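As structure tokens, the structure follows; a few thoughts come after it.
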Amino acid sequence: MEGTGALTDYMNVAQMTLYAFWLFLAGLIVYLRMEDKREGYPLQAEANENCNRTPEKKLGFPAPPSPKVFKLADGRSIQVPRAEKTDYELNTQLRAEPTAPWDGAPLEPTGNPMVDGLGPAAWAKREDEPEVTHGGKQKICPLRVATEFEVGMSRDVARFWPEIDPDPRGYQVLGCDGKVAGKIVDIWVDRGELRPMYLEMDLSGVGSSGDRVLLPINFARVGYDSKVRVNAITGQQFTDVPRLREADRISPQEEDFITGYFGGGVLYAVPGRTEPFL
Amino acid sequence: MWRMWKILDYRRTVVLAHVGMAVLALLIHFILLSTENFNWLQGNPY
Amino acid sequence: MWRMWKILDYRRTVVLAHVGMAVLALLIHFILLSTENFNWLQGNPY
Amino acid sequence: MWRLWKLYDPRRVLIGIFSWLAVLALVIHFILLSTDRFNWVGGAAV
Amino acid sequence: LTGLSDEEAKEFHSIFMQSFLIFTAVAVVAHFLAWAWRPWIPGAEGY
Amino acid sequence: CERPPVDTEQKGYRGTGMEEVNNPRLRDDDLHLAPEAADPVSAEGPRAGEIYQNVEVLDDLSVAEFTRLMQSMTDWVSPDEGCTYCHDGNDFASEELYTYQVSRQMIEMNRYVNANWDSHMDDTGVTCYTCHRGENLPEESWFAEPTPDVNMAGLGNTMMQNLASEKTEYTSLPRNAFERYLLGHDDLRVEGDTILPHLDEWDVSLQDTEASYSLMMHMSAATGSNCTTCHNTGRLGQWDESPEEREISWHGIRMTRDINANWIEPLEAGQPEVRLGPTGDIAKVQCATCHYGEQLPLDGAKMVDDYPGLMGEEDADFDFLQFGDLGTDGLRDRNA
Amino acid sequence: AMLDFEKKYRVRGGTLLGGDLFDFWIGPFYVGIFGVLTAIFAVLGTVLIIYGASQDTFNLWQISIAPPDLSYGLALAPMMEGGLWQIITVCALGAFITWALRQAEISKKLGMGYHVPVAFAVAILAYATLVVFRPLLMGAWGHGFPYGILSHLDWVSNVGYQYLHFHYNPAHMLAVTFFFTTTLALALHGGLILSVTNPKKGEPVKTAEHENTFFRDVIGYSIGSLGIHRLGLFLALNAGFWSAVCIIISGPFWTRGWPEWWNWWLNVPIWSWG
Amino acid sequence: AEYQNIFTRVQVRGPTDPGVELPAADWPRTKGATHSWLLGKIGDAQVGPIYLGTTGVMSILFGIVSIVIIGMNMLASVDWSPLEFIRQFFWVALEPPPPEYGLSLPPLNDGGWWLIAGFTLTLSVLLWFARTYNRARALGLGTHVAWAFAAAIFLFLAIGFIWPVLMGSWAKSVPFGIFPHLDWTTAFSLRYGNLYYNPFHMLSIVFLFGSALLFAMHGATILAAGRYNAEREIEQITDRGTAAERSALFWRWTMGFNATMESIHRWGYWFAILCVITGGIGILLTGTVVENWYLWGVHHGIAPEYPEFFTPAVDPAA
Ligand code: BCL
Ligand SMILES: CC[C@H]1c2cc3[nH]c4c(c3C)C(=O)[C@H](C(=O)OC)c4c3nc(cc4[nH]c(cc(n2)[C@@H]1C)c(C(C)=O)c4C)[C@@H](C)[C@@H]3CCC(=O)OC/C=C(/C)CCC[C@H](C)CCC[C@H](C)CCCC(C)C
Ligand SMILES: CC[C@H]1c2cc3[nH]c4c(c3C)C(=O)[C@H](C(=O)OC)c4c3nc(cc4[nH]c(cc(n2)[C@@H]1C)c(C(C)=O)c4C)[C@@H](C)[C@@H]3CCC(=O)OC/C=C(\C)CCC[C@H](C)CCC[C@H](C)CCCC(C)C
Ligand SMILES: COC(C)(C)C/C=C/C(C)=C/C=C/C(C)=C/C=C/C(C)=C/C=C\C=C(C)\C=C\C=C(C)\C=C\C=C(C)\C=C\CC(C)(C)OC
Ligand code: HEC
Ligand code: HEC
Ligand code: HEC
Ligand SMILES: [Fe+3]
Ligand SMILES: [Mg+2]
């Protein structure tokens, strides 16, 4: 053909602009997949996957990039993927047995999967130092120390329509089996996220009234009848929720312990959840 | 009706009155421009 | 009239005046360029 | 009427007044540019 | 209540009303000149 | 809002999305009913040009067929008025009324299109009733959009655009599409016929494209069609990818342009002031003046053969290509 | 092979069907019963597509499995007259539905909510609107779109111009608004997270304080870490849903030009001015 | 019966966050900040304060001038009737210059007001770009948002300025109206032969659809893993929690590959800005180096061929 844009008898400028973008899109796709390989890589090929019956490491394609250094606010240059998390995962002895020796067989937990961190109950290896705001305050703290927060975004809504702006303090907690686990005594708020994160409760229903346990808010269904319904775990199972090292702080690790325990209830709280519909 | 200011916040009411009257005065003036008999800049016979 | 600078911040009035006059100067110069009697670059008869 | 300046920050009131006058003056000038009789740059006869 | 006092507010009000007087007087003159150029209130016969 | 059921028809190959969807509950069913034709009266004896004092168009009709035609035209254009709609009382040889001169032009035009425009109307032809439908005026005429001689330094200059108009089927498209194409003969093509640009040979503006778009908006709603019935919109300027409706409606454009430029506009001088549009122009024919929202006007009823007198003689000068397409021999000087 | 943290999560349970029989991983993919089904459905549909391609042309863009003629109504057609399209439709529908059920098995196993399968059910709803629901209401499977890279673009073109200006479709203007707004929100969300975790070189990784401060500095409001993902899901799901609405009302509930639909607005007694 | 992380049930209100401290040359922020219950259900409840500096003020002034010009011309086109303005609100527009003016400066009422509105609108969006850039730098953040915005600016400039300039006429540009700029969008495709066959329009749609796909995937995944504080994504990038692992494992098990908490936002960022960049390139190619996109597609063998169903029309004027 002829006209403006012709490069040969067949090639034209728009077509070669397109292939130019193909080369860029590939280089971007390869670059994006490398950024994908900074967590969990290199892959751990177990012995039972390889014909030589030896554990190995697979880079995949594209191979992972070099380690990446995140300088942190408190003056700590962390490298990603983090060495301590990889070392914890590779050395932890799981309390589970594969349902079959071949690769891809699911693990069947031996003891109690909820307290052993198996499957939906699992936790990552995180820091034990409680998080801080940019200004140095305690990031996730209960309302008894984070006294500048009051429950309820709108005072008028909380006073005249408390159903849609509730205050769950003093609410009874029920498990997936309808049994009473205790009473909510406090609310934990993230000073950065400006949201409730945990509902601290006592175990007055299934244990000691003086015991304190954190219930993650995303596992709590704060009702309209002064009852909080947790579908994750049975009411009797609130006693084994991991306790805080310090009654007034939570490390990111304990957040993974506590949310992990409730997440494990989705499969292990009662018999039959693991079992299919049919 | 000085008690009206124990109900309606006077600072916000004054501002919203000026804003609201700005829209209404502009709207009424514009409506008169659109009519044939009251567009003073066009000067049609009455 | 220096008491005006105890009300308004002279630092941010100066910045505002300069950027405000910049918008108006471009607007007026461009309006004049879009008229037949004052586009000094087209140079139509007056 | 002087108590208005205790109710509001005078800097805010001035900024609001001027911001309004600038838009109002521009709307009025644009309106006159729309009409035949008061388009001064167009220079149309009466 | 802003940081102004009764004396400070009275000072702003007087200067503000004087500023309104000067600004309005300039506008009124600008309207006498505009009326002399081309009047804007049409008669019953129009223009 | 509408609802199912909807009548569907396939216009192109399966999967091309070329389909017509119609709502059967939206059809009038009375506007499109063809009147029952009168019985064939005799064609014997002397012609009308030998009987009547003032006859110039229907000269070669019998006395019986002349009066049958006159009664048929009365039902078609003025049933509630009678013969005195066009005739000055009892003096039928008088041409005083403007409706008489207009109707004399309307017979000459009705005869002309029925004899020369089978490239569009095939064999159906048209009758006074195809356009009038029992009314003094066709419900579906158009006037020229007013041209207000803009300020050139003012504000709000719509360039025939940016207002919802029934002319443009409630789009903001140009409202003067009828003037440019149904009375004028401006080019309708918007697509370059080459892969690569030749900007100095083909540079149609988007404003011209939207004007051709606005005519297509009308031509769709005016015949109860859509863009798909005349086009494969993936390849809009490919004639071999278009149904035969596109070729037919091509002549519908040039016939409507012929009706407006050569037969309707000459009547503008002697119209009453009440009849004229805002610009002072005569009401003109668009695609819906005959179709009224249906592909086949009056359900495709062939009414012409029942009435001798509405068919003329096939002109030797007719081209259908002499209306703005390689020549302007079929158009008068004025157009618009 | 597995991610260096992946092993502890690979447990038994979470299936809806199949139980232990299909509850395993092949490489990285969890299989499940709906993975076997989605594999059979996907391979069947893809191989049937290639067979249809072998009968007209192998050019990738010009491959087209077209729906049957409208004259067929809802009847199943001969294979080379749109019956091949109909089988591919039931294969693709099954492939999509078992894909979402499989993502539901994966959701339960990792203790996640069912947001992903449900958000995918909206996408499946839009395809079902295109090939099942709308062809049903109009009365023929031939109203669905052809299975071809460039042949389904002509379908979109012609179906859009069946209403003479598809931009005036009120539900389509809403869906386009949701599509434009969600990629705007995606640009802001992706950019803000990268801007915090990747500040200027020599700066610490910032906080959620800086994220809220940035948008309060720019537009005067910040939706937060949690709000951006609710709104992001909301905008994209409304984009899919109003896509379904805009196409389901084009033909079953509106047969005229879409610009004419706005005649009610032009006739509101409040602002007729005539 | 599980909580779906769709609305925040329990909210807690504290003092208004005044924002992170700025350098000691920035303008003071506004003092106005209030909390909204309705907005607090979806997310952060605080509305305001807002920063306004040199770039912000000048962007607002240039933008207000543009909106006033468009609005007053829109209102003037309906004879100044506010009622007729509402009736015709979607149909009115500030019309671009007619083709006869080329790239010259046309009279105010013949596209001159359009050119001024386009110039001030371009200046406001460019200053807003500098504002987004500087607000990020003032907080010590990366300039990713600004460059993503710059990518959207480039399509805006390609459509309205660069492509009309490359074509030699301001008529080719898009009017300031709701339905009129939709008329421009359709007519553009009609004129240059079905923009569907433009490959960079195809790619533009790929990244636009993939952006909605990505936000739906990512937003649903963060809500689904909200039980493990997934939405605190900055903590998960610097300290990989179980939520980051379950999000990655979910997609690794589904489609065989995953991302990270950080790399997902690189995927979404690039999909958002590539949509608008291939859009700009596709617009710049048509009219300049491609006349008809269907004919271009025929040449490169991408146009499907259709068997006979109807009698083909023949151009009478052939
Ligand atoms: C000239 C034609 C008309 C027009 C006619 C139409 C018609 C007809 C339609 C649209 C539809 C749409 N139009 Mg439109 N449209 C026009 C111009 C535009 C413009 C513009 C630039 O002006 C924009 C931005 C849009 C935008 C849109 C969207 C709102 C919508 C498409 C998104 C969607 O449906 O998601 C939904 C996403 C899906 C349906 C994808 C389904 C995903 C399934 C579940 C999974 C598939 C997996 C796959 C097989 C996996 C592959 C294998 C692996 C990769 C290995 N249109 C013009 C004016 N438009 C469509 C719509 O809304 O339908 C719902 C539609 O039918
Ligand atoms: C509704 C909001 C948006 C959305 C959401 C969405 N999509 C999703 C999800 C979500 C939440 C997933 O979780 C799921 C996923 O896991 O993605 C990685 C998915 C997905 N969306 C996909 C694609 C996709 N989404 C699209 C759109 C959208 N997805 C919306 C804009 C589009 C468009 C607009 O075209 C496409 C192409 C996949 C990547 C994936 C679903 C994968 C799947 O279902 O796999 C099943 C098995 C297969 C191999 C599919 C093919 C099997 C068939 C038998 C053959 C092909 C038949 C088909 C009819 C061919 C048509 C071709 C022609 C049109 C050219
Ligand atoms: C990746 C490409 C996508 C994208 C990205 C994108 N857009 C962006 C950004 C990014 C990354 C920004 O950072 C920037 C932004 O601010 O985001 C919130 C923006 C933005 N994208 C916007 C719009 C937008 N983006 C669009 C599209 C897209 N944006 C793409 C799909 C579109 C479409 C689909 O057409 C639109 C319409 C803006 C909301 C914003 C940039 C705003 C801007 O430039 O404003 C300039 C200034 C003005 C217009 C001045 C007038 C404004 C007010 C009227 C002034 C008020 C005066 C006074 C303060 C008050 C007066 C009243 C009194 C009574 C009080
Ligand atoms: C009367 O109204 C008041 C005052 C009350 C306020 C109301 C205002 C209202 C209601 C305004 C309504 C506005 C609307 C609805 C606007 C709609 C706008 C739309 C949809 C716009 C869509 C697209 C427009 C585009 C993309 C415009 C592009 C134009 C560009 C990019 C122009 C670029 C021009 C430049 C860079 C100028 C260059 C000038 C130079 C100097 C180069 O010339 C020599
Ligand atoms: C469509 C192409 C037409 C056909 C066929 C016939 N007429 Fe017509 N006629 C047509 C138009 C567009 C108009 C103008 C209507 C308007 O609003 O001004 C007319 C007008 C007349 C008139 C004048 C009516 C009046 O002004 O009161 C008459 C008397 C008339 N037409 C008669 C007529 C007859 C007798 C026809 C058949 C032979 C005929 N018309 C055909 C459009 C069309
Ligand atoms: C038949 C009644 C038609 C309908 C319905 C629509 N179109 Fe059409 N279109 C038709 C013809 C006969 C022609 C050729 C006109 C000529 O004189 O050459 C056209 C032409 C176009 C064009 C110009 C394309 C070109 O040749 O370069 C366009 C852009 C166009 N048509 C678009 C179009 C649209 C969008 C329609 C639906 C609303 C539509 N047309 C309907 C006949 C008919
Ligand atoms: C307008 C549409 C007409 C109506 C209604 C009627 N007539 Fe008519 N008539 C009309 C015209 C234009 C002409 C001129 C004929 C020509 O070809 O030039 C006529 C003519 C007659 C005549 C002939 C009179 C003569 O020339 O001496 C007669 C007798 C006649 N018309 C009778 C007639 C009757 C009885 C009608 C009522 C039913 C009638 N006409 C209605 C136009 C129109
Ligand atoms: Fe995110
Ligand atoms: Mg337009």
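Ligands are numbered from 1 in the order shown, chains are lettered A, B, ... in the order of the structure tokens, and residues start at 1 in each chain.
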
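Using only C-alpha atoms, the chain H residues found within 6 Å of chain A amount to residues 3, 11, 12, 13, 14, 37, 227, 228, 241, 242, 259, 260, 263 and 289 of chain H.
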
*Name the residues, by chain letter and number, that sit within 6 Å of ligand 4 using only C-alpha atoms and all ligand atoms, and give them as number ranges by chain.*
H: 67-68, 70-72, 75, 115, 118-119, 122, 156-157, 160-161, 174-178, 181

Would you save the residues of that selection, restricted to C-alpha atoms, as a CSV table (one decimal), in the first residue's frame?
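New file part_14.csv:
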```
chain,number,residue,atom,x,y,z
H,67,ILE,CA,-15.5,25.6,33.9
H,68,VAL,CA,-17.0,29.1,33.8
H,70,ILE,CA,-17.8,26.1,29.3
H,71,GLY,CA,-20.7,26.7,31.6
H,72,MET,CA,-21.5,30.3,30.4
H,75,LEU,CA,-25.9,28.5,29.2
H,115,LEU,CA,-9.6,27.0,22.7
H,118,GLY,CA,-9.0,23.8,26.5
H,119,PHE,CA,-5.9,25.9,27.3
H,122,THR,CA,-4.8,21.8,30.2
H,156,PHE,CA,-6.2,13.7,27.5
H,157,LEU,CA,-3.5,15.7,25.6
H,160,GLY,CA,-7.5,17.1,22.6
H,161,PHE,CA,-4.2,18.8,21.7
H,174,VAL,CA,-13.6,17.0,21.3
H,175,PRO,CA,-16.3,19.5,22.5
H,176,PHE,CA,-17.0,20.2,26.2
H,177,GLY,CA,-20.3,18.5,26.5
H,178,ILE,CA,-21.7,15.2,27.9
H,181,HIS,CA,-18.2,14.3,23.5
```

Residues within 7 Å of ligand 7, counting only C-alpha atoms and all ligand atoms, as a PDB file with C-alpha atoms, in the first residue's frame:
```
ATOM      1  CA  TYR F  52     -62.253  20.455 -19.313  1.00  0.00           C
ATOM      2  CA  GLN F  53     -61.472  24.150 -19.590  1.00  0.00           C
ATOM      3  CA  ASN F  54     -58.351  24.187 -17.408  1.00  0.00           C
ATOM      4  CA  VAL F  55     -56.494  20.858 -17.346  1.00  0.00           C
ATOM      5  CA  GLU F  56     -52.756  20.638 -17.975  1.00  0.00           C
ATOM      6  CA  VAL F  57     -51.623  17.458 -16.184  1.00  0.00           C
ATOM      7  CA  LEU F  58     -54.397  14.844 -16.511  1.00  0.00           C
ATOM      8  CA  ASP F  59     -55.033  15.449 -20.210  1.00  0.00           C
ATOM      9  CA  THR F  67     -63.488  12.207 -11.647  1.00  0.00           C
ATOM     10  CA  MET F  70     -60.425  13.802  -8.232  1.00  0.00           C
ATOM     11  CA  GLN F  71     -62.508  12.005  -5.613  1.00  0.00           C
ATOM     12  CA  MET F  73     -57.340  12.879  -4.112  1.00  0.00           C
ATOM     13  CA  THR F  74     -60.055  14.464  -1.957  1.00  0.00           C
ATOM     14  CA  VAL F  77     -55.459  15.035   1.217  1.00  0.00           C
ATOM     15  CA  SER F  78     -58.666  16.658   2.456  1.00  0.00           C
ATOM     16  CA  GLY F  82     -64.264  18.205   0.203  1.00  0.00           C
ATOM     17  CA  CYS F  83     -63.625  19.313  -3.347  1.00  0.00           C
ATOM     18  CA  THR F  84     -63.582  22.957  -2.269  1.00  0.00           C
ATOM     19  CA  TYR F  85     -60.268  22.453  -0.485  1.00  0.00           C
ATOM     20  CA  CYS F  86     -58.547  23.119  -3.822  1.00  0.00           C
ATOM     21  CA  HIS F  87     -61.407  24.418  -5.998  1.00  0.00           C
ATOM     22  CA  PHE F  92     -63.743  24.226 -10.955  1.00  0.00           C
ATOM     23  CA  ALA F  93     -61.923  25.890 -13.869  1.00  0.00           C
ATOM     24  CA  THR F  99     -53.854  24.669  -2.800  1.00  0.00           C
ATOM     25  CA  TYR F 100     -54.928  24.338  -6.434  1.00  0.00           C
ATOM     26  CA  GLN F 101     -51.535  25.381  -7.801  1.00  0.00           C
ATOM     27  CA  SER F 103     -51.897  20.253  -5.922  1.00  0.00           C
ATOM     28  CA  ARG F 104     -51.223  20.709  -9.631  1.00  0.00           C
TER      29      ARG F 104
END
```

_Taking only C-alpha atoms and all ligand atoms into account, list the residues no farther than 12 Å from ligand 8, as a ChimeraX atom specification._
/G:185-194,211,224-233 /H:214-223,225-226,229-237,244,247,259-269

*ligand 5: which residues are within 8 Å, counting only C-alpha atoms and all ligand atoms, as a ChimeraX atom specification?*
/F:73-74,76-77,85-86,98-104,106-111,126-132,136-142,256,259,264,271-272,275-276,282-285,289-290,310
